[PDB]
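Start counting the sequence shown at 159; every next residue gets the next number (mature numbering (1 follows the signal peptide of the UniProt record, and there is no 0)).
By construction, the Cβ of each residue, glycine as well, lies at the ideal position given by its N, Cα and C atoms.
In what follows, a single structure is set out as structure tokens and then discussed.
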Amino acid sequence: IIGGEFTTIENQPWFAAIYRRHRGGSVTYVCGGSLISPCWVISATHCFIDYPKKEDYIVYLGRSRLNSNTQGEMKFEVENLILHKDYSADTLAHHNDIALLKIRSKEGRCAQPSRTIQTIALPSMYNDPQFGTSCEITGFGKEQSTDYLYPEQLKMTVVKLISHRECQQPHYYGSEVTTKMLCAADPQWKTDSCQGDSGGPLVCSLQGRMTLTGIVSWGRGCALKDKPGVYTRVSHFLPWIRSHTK
Ligand SMILES: N=C(N)NC(=O)c1nc(-c2ccco2)c(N2CCCCCC2)nc1N
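Below is the structure:
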């Protein structure tokens with residue numbers, strides 16, 4: 159997250175932190191995710207495609223720090239890693255960049271809700287907020303595009319939904335952006351998602367309800383003028399989600 163503020167997991171308690179084990183046994187951060195039910199985390203396929211063995215991944219919930227344990231956290235193995243069959247990678251865009259991880263403890267349990275661990279509701283189908291709506295993003299991704307390190311403390315910021323019309327302009331992303339993606343950005347381009355934030359939540363208020371409107375997917379650089387954050391449009395994937403989680 160470029161700009162924004164530091165936060166803790168109580169302000170985004172559906173946030174899942176996903177890590178990968180190495181043959182070395184070094185364990186490193188991969189991507190965010192969102193808890194949509196006790197046993198299921200939703201994330202982005204591009205995070206996992208190069209390394210698609212489920213045994214390779216660890217999932218934390220209730221975690222506010224990247225390389226230290228948060229009081230109350232839960233650690234899980236990945237029982238099922240479901241990547242979207244129609245996924246693809248352009249030069250920049252990822253299509254169908256959505257993934258599901260079924261989580262289970264060493265002890266066989268899914269997540270137990272608590273003050274630091276809650277699910278996030280899915281949107282109704284084809285039901286997104288109006289353009290210009292303010293939503294929030296959360297992640298352990300880079301604070302500057304050129305940083306080598308990820309931040310140790312979870313971050314969040316606010317971005318505004320951009321219309322497809324505007325995001326499809328050639329000085330924005332042209333064709334790269336499809337109806338299955340949402341664009342979001344700062345009017346001053348001063349705050350944004352970045353590398354390491356992929357898979358994480360774009361959350362908006364609709365109804366009276368915090369709703370997983372988007373999943374961090376791609377962008378041309380970070381907090382760069384005329385280059386919004388691009389997000390998977392969750393409300394265009396409900397049958398895929400339900401089919402793979404029933
Ligand atoms: N909101 C945005 N403007 N951008 C992003 O959301 C975003 N950006 C990058 C990125 C970092 C530097 C240039 O681009 C990035 N990367 C690094 C490139 C390799 C592919 C996936 C990981 N992932 C992202 N999700």
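Item	Value
If you measure between the beta carbons of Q353 and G387, is that distance less than 8 Å?	no
Using only the alpha-carbon positions, how far apart do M368 and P287 sit?	11 Å
May I ask you to report which of helix, strand or coil DSSP gives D214?	helix
Could you pull out every residue in the same chain whose Cβ sits closer than 7 Å to the Cβ of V392, ignoring the five residues on either side in sequence?	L280, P281, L370, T371, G372 and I373
Output the distance between the C-alpha atoms of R179 and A257, rounded to the nearest integer angstrom.	19 Å
With respect to the beta strand (DSSP E) encompassing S375, which residues constitute its N-terminal and C-terminal limits?	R367 to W376
Within 7 Å: the Cβ of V361 and any heavy atom of ligand 1?	no
Within the same chain, show all residues whose beta-carbon is closer than 6 Å to that of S226, passing over the 5 residues directly before and after it, in chain order.	none
Ligand 1 and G377: does the residue's C-beta get closer than 7 Å to at least one heavy atom of that ligand?	yes
At a cut of 8 Å, does the segment 187-199 reach the segment 345-359 through at least three beta carbon pairs?	yes
Among residues of its own chain, excluding the 5 on either side of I278, which ones have a beta-carbon nearer than 7 Å to its beta-carbon?	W172, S192, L193, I194, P359, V361, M368 and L370
Figure out for me which residue from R223, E231, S222 and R181 has the closest Cα to the Cα of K211.	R181
Quick check on the burial criterion: 16 or more other C-beta atoms within 10 angstroms. Buried or exposed for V217?	buried
Ordered along the chain, which non-local residues of its own chain (more than five positions away) have a Cβ less than 6 Å from that of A175?	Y218 and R221
Look at the Cβ atom of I207, then the Cβ atom of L241, and state whether they are nearer than 8 Å.	yes
Less than 8 Å between the CB atoms is what I'm expecting for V317 and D350, so what's the real figure, rounded?	7 Å
If you measure between the beta carbons of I320 and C341, is that distance less than 8 Å?	yes
Which runs of the beta strand (DSSP E), 3 residues or longer, sit entirely within the segment 271-328?	292-297 and 313-320
Quick one: using the 10 Å Cβ neighbour count with 16 as the cut-off for buried, is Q170 buried or exposed?	buried
For the alpha helix (DSSP H) containing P345, list its first residue and its last residue.	Careful: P345 lies outside any alpha helix (DSSP H) and carries neither H nor E.
Based on DSSP bridge pairs, tell me the residues matched to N238.	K260
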